[PDB]
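Asks: For reference, the structure I am asking about is given below.
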Amino acid sequence: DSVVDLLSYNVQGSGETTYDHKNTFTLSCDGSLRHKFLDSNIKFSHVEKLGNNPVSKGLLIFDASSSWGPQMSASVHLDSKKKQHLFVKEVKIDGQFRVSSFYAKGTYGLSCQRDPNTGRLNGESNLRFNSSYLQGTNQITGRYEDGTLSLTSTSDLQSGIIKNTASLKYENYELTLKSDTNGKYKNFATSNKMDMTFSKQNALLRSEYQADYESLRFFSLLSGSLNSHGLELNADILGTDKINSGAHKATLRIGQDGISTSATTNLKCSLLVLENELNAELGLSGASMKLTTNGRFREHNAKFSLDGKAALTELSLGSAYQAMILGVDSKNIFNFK
């Protein structure tokens with residue numbers, strides 16, 4: 001208490017906390033701060049029925065008011081009760097925020113219904129957010145039924161410029177996930193759809209995606225299946241445009257019989273075409289390698305390929321190439337064992 005305003009204020013708060021031996025509990029926390037630039041109102045009530053009827057009530061009362069524009073407030077309403085034997089819970093949370101003109105509001109709503117006799121639960125979630133330059137909203141539905149879960153997610157991002165949806169299912173001790181995301185920005189028609197699967201031993205990988213930018217339709221395919229007996233993976237990716245087309249495929253098998261790799265790259269550019277084939281098998285009969293490459297431009301042809309076998313009994317590598325480039329006869333052979 002002083003003649004000067006800024007030197008005068010109020011600061012106080014009661015943090016009451018008491019448990020009733022009756023198996024009932026109550027928590028009270030009051031916050032009130034009085035100052036010449038800001039005015040804070042804080043009050044939170046928390047009470048728990050620790051005897052019978054396991055009810056839980058939680059309420060927050062908060063309001064702070066700066067005397068120089070900014071105004072803030074948030075409310076929390078926690079409601080959980082055992083309706084006879086149906087456990088009913090509902091939560092309402094809302095945080096509201098402005099400064100002078102900037103806006104920021106996020107409202108959330110959660111609903112949960114459970115039947116423990118049947119081991120079944122119904123979870124429903126609502127999310128919405130708004131601001132001066134940002135819009136956010138998402139919904140989640142969770143269905144659990146006595147060991148069986150069915151969860152689904154739908155997300156809208158910045159007014160839906162990007163759309164994402166995730167589907168998950170876990171039944172019979174085997175997991176399956178599906179996940180999709182798609183772009184709606186500028187010239188990008190990007191769309192990725194991802195699914196994952198799981199068995200007692202096997203996990204399966206399928207991944208698709210298309211970029212589809214301007215005139216370029218680029219595609220990537222990945223297929224990965226695994227087991228106790230090594231991996232089998234194929235990566236297949238295509239980049240095709242108005243004229244040019246990047247086409248390469250790679251196949252890799254990890255088997256107890258040995259390793260078989262097959263990476264192939266074919267490129268065509270108007271009057272130029274390129275073809276590339278490597279073929280290596282790392283088996284038990286000596287490593288086998290086979291190569292092929294014939295780059296074709298206009299009429300001119302270059303024809304190359306190489307055979308190769310490396311066995312303990314014998315090593316065989318025979319190289320050959322021929323071409324008529326600029327009409328110049330050209331041929332080389334290298335055979336040696």
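The way I read the labels, and the way they are meant: chains A, B, ... in the order of the structure tokens, residue 1 as the first residue of every chain, and ligand 1 as the first ligand shown, with later ones counted on from there.
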So that I can see what lies close to stretch 85-101 of chain A, please list as a PyMOL selection string the residues with an atom at most 7 Å from it, counting only C-alpha atoms and leaving out residues fewer than 2 positions away in the same chain.
Replies: chain A and resi 69-83+103-115
Asks: Pull N, CA, C and O atoms from the residues just selected and write them as a compact mmCIF listing (two decimals), in the first residue's frame.
Replies:
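File written: again-v4.txt
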# COMPACT_ATOMS: atom_id res chain seq x y z
N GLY A 69 -3.91 -4.56 -24.04
CA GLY A 69 -4.27 -5.41 -25.15
C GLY A 69 -4.50 -6.85 -24.74
O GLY A 69 -5.60 -7.23 -24.31
N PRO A 70 -3.47 -7.70 -24.87
CA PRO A 70 -3.66 -9.16 -24.79
C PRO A 70 -4.67 -9.63 -23.76
O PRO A 70 -4.66 -9.19 -22.61
N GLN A 71 -5.55 -10.52 -24.20
CA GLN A 71 -6.55 -11.15 -23.34
C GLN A 71 -6.50 -12.65 -23.56
O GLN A 71 -6.51 -13.11 -24.70
N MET A 72 -6.44 -13.41 -22.47
CA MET A 72 -6.24 -14.84 -22.53
C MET A 72 -7.21 -15.53 -21.59
O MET A 72 -7.60 -14.96 -20.57
N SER A 73 -7.59 -16.76 -21.94
CA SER A 73 -8.47 -17.54 -21.08
C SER A 73 -8.46 -18.99 -21.55
O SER A 73 -8.31 -19.26 -22.74
N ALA A 74 -8.62 -19.91 -20.60
CA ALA A 74 -8.70 -21.33 -20.89
C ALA A 74 -9.61 -21.99 -19.86
O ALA A 74 -9.65 -21.59 -18.69
N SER A 75 -10.34 -23.01 -20.31
CA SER A 75 -11.27 -23.74 -19.46
C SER A 75 -11.05 -25.23 -19.64
O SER A 75 -10.91 -25.71 -20.77
N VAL A 76 -11.02 -25.96 -18.53
CA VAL A 76 -10.88 -27.41 -18.53
C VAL A 76 -12.02 -28.00 -17.71
O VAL A 76 -12.24 -27.59 -16.56
N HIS A 77 -12.74 -28.95 -18.30
CA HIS A 77 -13.87 -29.61 -17.64
C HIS A 77 -13.66 -31.11 -17.75
O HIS A 77 -13.89 -31.70 -18.81
N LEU A 78 -13.22 -31.73 -16.66
CA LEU A 78 -12.91 -33.15 -16.61
C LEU A 78 -14.07 -33.86 -15.92
O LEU A 78 -14.41 -33.53 -14.78
N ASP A 79 -14.66 -34.83 -16.61
CA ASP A 79 -15.85 -35.52 -16.11
C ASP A 79 -15.67 -37.01 -16.36
O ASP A 79 -15.75 -37.46 -17.51
N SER A 80 -15.44 -37.77 -15.29
CA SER A 80 -15.33 -39.22 -15.37
C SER A 80 -16.18 -39.82 -14.26
O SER A 80 -16.07 -39.42 -13.10
N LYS A 81 -17.04 -40.78 -14.63
CA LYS A 81 -17.96 -41.37 -13.67
C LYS A 81 -18.26 -42.80 -14.09
O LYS A 81 -18.22 -43.14 -15.28
N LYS A 82 -18.58 -43.64 -13.10
CA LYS A 82 -19.04 -45.00 -13.34
C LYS A 82 -20.56 -45.00 -13.30
O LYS A 82 -21.16 -45.04 -12.23
N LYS A 83 -21.18 -44.94 -14.48
CA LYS A 83 -22.64 -44.95 -14.57
C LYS A 83 -23.11 -46.35 -14.22
O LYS A 83 -23.16 -47.25 -15.06
N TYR A 103 -5.47 -13.80 -33.85
CA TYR A 103 -6.44 -14.74 -33.32
C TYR A 103 -5.81 -16.12 -33.24
O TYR A 103 -5.06 -16.52 -34.14
N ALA A 104 -6.10 -16.83 -32.16
CA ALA A 104 -5.60 -18.19 -31.98
C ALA A 104 -6.54 -18.93 -31.05
O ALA A 104 -6.60 -18.61 -29.85
N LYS A 105 -7.28 -19.89 -31.59
CA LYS A 105 -8.23 -20.67 -30.81
C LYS A 105 -8.11 -22.14 -31.18
O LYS A 105 -8.10 -22.49 -32.36
N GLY A 106 -8.01 -22.99 -30.16
CA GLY A 106 -8.03 -24.42 -30.36
C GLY A 106 -9.03 -25.09 -29.44
O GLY A 106 -8.90 -25.04 -28.22
N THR A 107 -10.05 -25.73 -30.02
CA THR A 107 -11.10 -26.40 -29.26
C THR A 107 -10.97 -27.90 -29.48
O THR A 107 -10.82 -28.36 -30.61
N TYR A 108 -11.04 -28.65 -28.38
CA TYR A 108 -10.88 -30.10 -28.40
C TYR A 108 -12.03 -30.76 -27.66
O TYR A 108 -12.52 -30.23 -26.65
N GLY A 109 -12.47 -31.91 -28.16
CA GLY A 109 -13.51 -32.68 -27.51
C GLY A 109 -13.24 -34.17 -27.57
O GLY A 109 -13.06 -34.72 -28.66
N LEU A 110 -13.21 -34.83 -26.42
CA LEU A 110 -12.94 -36.26 -26.33
C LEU A 110 -14.12 -36.96 -25.66
O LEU A 110 -14.61 -36.49 -24.63
N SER A 111 -14.55 -38.06 -26.25
CA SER A 111 -15.63 -38.88 -25.71
C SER A 111 -15.15 -40.32 -25.62
O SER A 111 -14.60 -40.86 -26.59
N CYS A 112 -15.35 -40.94 -24.46
CA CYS A 112 -14.92 -42.32 -24.21
C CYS A 112 -16.06 -43.07 -23.54
O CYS A 112 -16.58 -42.63 -22.51
N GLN A 113 -16.43 -44.21 -24.11
CA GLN A 113 -17.46 -45.09 -23.56
C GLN A 113 -16.89 -46.50 -23.48
O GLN A 113 -16.34 -47.00 -24.47
N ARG A 114 -17.04 -47.14 -22.32
CA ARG A 114 -16.40 -48.41 -22.05
C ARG A 114 -17.37 -49.35 -21.35
O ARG A 114 -18.21 -48.92 -20.56
N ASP A 115 -17.26 -50.65 -21.66
CA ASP A 115 -18.08 -51.70 -21.06
C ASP A 115 -17.14 -52.81 -20.59
O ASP A 115 -16.93 -53.80 -21.31
Asks: Name the residues in contact with residue A:276 at a cut-off of 6 Å, using only C-alpha atoms, excluding same-chain residues fewer than 3 positions from it; report them as a list in words.
Replies: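 Skipping anything fewer than 3 positions along the chain leaves residues 264, 265, 292 and 293 of chain A.
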Asks: If you keep N, CA, C and O atoms, can you produce a file of those selected residues as a PDB file, in the first residue's frame?
Replies:
ATOM      1  N   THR A 264      18.318 -53.595 -63.711  1.00  0.00           N
ATOM      2  CA  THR A 264      18.217 -53.271 -65.126  1.00  0.00           C
ATOM      3  C   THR A 264      17.839 -51.808 -65.273  1.00  0.00           C
ATOM      4  O   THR A 264      16.910 -51.334 -64.611  1.00  0.00           O
ATOM      5  N   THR A 265      18.560 -51.098 -66.135  1.00  0.00           N
ATOM      6  CA  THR A 265      18.307 -49.690 -66.407  1.00  0.00           C
ATOM      7  C   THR A 265      18.156 -49.504 -67.907  1.00  0.00           C
ATOM      8  O   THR A 265      19.101 -49.746 -68.666  1.00  0.00           O
ATOM      9  N   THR A 292      25.486 -56.680 -69.799  1.00  0.00           N
ATOM     10  CA  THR A 292      25.051 -56.339 -71.145  1.00  0.00           C
ATOM     11  C   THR A 292      24.786 -54.844 -71.199  1.00  0.00           C
ATOM     12  O   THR A 292      24.145 -54.293 -70.300  1.00  0.00           O
ATOM     13  N   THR A 293      25.281 -54.197 -72.249  1.00  0.00           N
ATOM     14  CA  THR A 293      25.130 -52.755 -72.395  1.00  0.00           C
ATOM     15  C   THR A 293      25.301 -52.396 -73.861  1.00  0.00           C
ATOM     16  O   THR A 293      26.369 -52.623 -74.436  1.00  0.00           O
TER      17      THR A 293
END
Asks: When DSSP is applied to the backbone of this structure, which of stretch 219-293 of chain A are assigned strand (DSSP E or B)? Write them out as an NGL selection string.
Replies: :A and (219-226 or 231-240 or 245-255 or 258-269 or 272-283 or 287-293)
Asks: Considering only C-alpha atoms, state which residue in the set A:157, A:291, A:11, A:233 is at the smallest distance from residue A:33.
Replies: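 Checking each candidate against residue A:33, we get A:11 as the closest.
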Asks: Can you pull out the residues contacting residue A:156? Cut-off 9 Å, using only C-alpha atoms, and skip same-chain residues under 2 positions away; I want them as a list in words.
Replies: residues 135, 136, 137, 138, 139, 154, 158, 159, 160, 161, 162, 163, 164 and 165 of chain A
Asks: Could you please take those selected residues and save N, CA, C and O atoms as a PDB file, in the first residue's frame?
Replies:
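File produced: result-v6.pdb:
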ATOM      1  N   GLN A 135      -5.697 -22.904 -40.030  1.00  0.00           N
ATOM      2  CA  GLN A 135      -6.887 -23.690 -39.734  1.00  0.00           C
ATOM      3  C   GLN A 135      -6.478 -25.143 -39.544  1.00  0.00           C
ATOM      4  O   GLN A 135      -5.815 -25.722 -40.410  1.00  0.00           O
ATOM      5  N   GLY A 136      -6.876 -25.724 -38.415  1.00  0.00           N
ATOM      6  CA  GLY A 136      -6.531 -27.099 -38.113  1.00  0.00           C
ATOM      7  C   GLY A 136      -7.707 -27.891 -37.581  1.00  0.00           C
ATOM      8  O   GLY A 136      -8.445 -27.411 -36.716  1.00  0.00           O
ATOM      9  N   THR A 137      -7.897 -29.103 -38.094  1.00  0.00           N
ATOM     10  CA  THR A 137      -8.996 -29.948 -37.656  1.00  0.00           C
ATOM     11  C   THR A 137      -8.635 -31.403 -37.911  1.00  0.00           C
ATOM     12  O   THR A 137      -8.030 -31.730 -38.935  1.00  0.00           O
ATOM     13  N   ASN A 138      -9.014 -32.268 -36.974  1.00  0.00           N
ATOM     14  CA  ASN A 138      -8.736 -33.691 -37.088  1.00  0.00           C
ATOM     15  C   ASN A 138      -9.755 -34.461 -36.263  1.00  0.00           C
ATOM     16  O   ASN A 138     -10.203 -33.985 -35.216  1.00  0.00           O
ATOM     17  N   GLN A 139     -10.116 -35.649 -36.741  1.00  0.00           N
ATOM     18  CA  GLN A 139     -11.028 -36.537 -36.037  1.00  0.00           C
ATOM     19  C   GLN A 139     -10.413 -37.923 -35.953  1.00  0.00           C
ATOM     20  O   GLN A 139      -9.854 -38.425 -36.933  1.00  0.00           O
ATOM     21  N   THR A 154      -8.498 -39.388 -39.671  1.00  0.00           N
ATOM     22  CA  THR A 154      -8.712 -38.491 -40.800  1.00  0.00           C
ATOM     23  C   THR A 154      -8.201 -37.113 -40.410  1.00  0.00           C
ATOM     24  O   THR A 154      -8.662 -36.535 -39.420  1.00  0.00           O
ATOM     25  N   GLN A 158      -4.163 -27.409 -42.902  1.00  0.00           N
ATOM     26  CA  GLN A 158      -4.235 -26.049 -43.435  1.00  0.00           C
ATOM     27  C   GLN A 158      -5.340 -25.942 -44.484  1.00  0.00           C
ATOM     28  O   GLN A 158      -5.108 -25.646 -45.656  1.00  0.00           O
ATOM     29  N   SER A 159      -6.564 -26.202 -44.032  1.00  0.00           N
ATOM     30  CA  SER A 159      -7.752 -26.191 -44.878  1.00  0.00           C
ATOM     31  C   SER A 159      -7.722 -27.285 -45.940  1.00  0.00           C
ATOM     32  O   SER A 159      -8.337 -27.136 -47.000  1.00  0.00           O
ATOM     33  N   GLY A 160      -7.014 -28.381 -45.682  1.00  0.00           N
ATOM     34  CA  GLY A 160      -7.040 -29.523 -46.572  1.00  0.00           C
ATOM     35  C   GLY A 160      -6.114 -29.455 -47.764  1.00  0.00           C
ATOM     36  O   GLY A 160      -6.297 -30.230 -48.710  1.00  0.00           O
ATOM     37  N   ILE A 161      -5.125 -28.558 -47.761  1.00  0.00           N
ATOM     38  CA  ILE A 161      -4.164 -28.529 -48.859  1.00  0.00           C
ATOM     39  C   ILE A 161      -3.479 -29.882 -48.989  1.00  0.00           C
ATOM     40  O   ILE A 161      -3.156 -30.329 -50.095  1.00  0.00           O
ATOM     41  N   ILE A 162      -3.241 -30.549 -47.863  1.00  0.00           N
ATOM     42  CA  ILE A 162      -2.759 -31.922 -47.830  1.00  0.00           C
ATOM     43  C   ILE A 162      -3.791 -32.757 -47.087  1.00  0.00           C
ATOM     44  O   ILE A 162      -4.276 -32.356 -46.022  1.00  0.00           O
ATOM     45  N   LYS A 163      -4.128 -33.915 -47.648  1.00  0.00           N
ATOM     46  CA  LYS A 163      -5.122 -34.805 -47.062  1.00  0.00           C
ATOM     47  C   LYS A 163      -4.442 -36.103 -46.660  1.00  0.00           C
ATOM     48  O   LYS A 163      -3.827 -36.772 -47.498  1.00  0.00           O
ATOM     49  N   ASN A 164      -4.553 -36.452 -45.382  1.00  0.00           N
ATOM     50  CA  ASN A 164      -3.962 -37.663 -44.837  1.00  0.00           C
ATOM     51  C   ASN A 164      -5.031 -38.475 -44.122  1.00  0.00           C
ATOM     52  O   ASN A 164      -5.879 -37.922 -43.415  1.00  0.00           O
ATOM     53  N   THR A 165      -4.981 -39.791 -44.313  1.00  0.00           N
ATOM     54  CA  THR A 165      -5.880 -40.714 -43.637  1.00  0.00           C
ATOM     55  C   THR A 165      -5.115 -41.991 -43.331  1.00  0.00           C
ATOM     56  O   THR A 165      -4.504 -42.579 -44.227  1.00  0.00           O
TER      57      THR A 165
END
Asks: Write out as a tab-separated table the residues of stretch 224-269 of chain A that have any atom within 12 Å of an atom of stretch 189-197 of chain A, one row each with the nearest atom pair and its distance in Å to one decimal, counting only C-alpha atoms, sorted by chain and then rising number.
Replies:
residue	atom	partner	partner_atom	distance
A:224	CA	A:196	CA	10.1
A:225	CA	A:197	CA	9.7
A:226	CA	A:197	CA	10.9
Asks: Could you work out how far atom CA of residue A:222 lies from atom CA of residue A:260, giving the answer in Å with one decimal?
Replies: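 Atom CA of residue A:222 lies at a distance of 17.4 Å from atom CA of residue A:260.
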Asks: Counting only C-alpha atoms, which of A:48, A:236, A:307, A:39 gets nearest to residue A:67?
Replies: A:39
Asks: I need the residue nearest residue A:250 from this list: A:231, A:61, A:127, A:278. Use only C-alpha atoms for the distance.
Replies: A:278
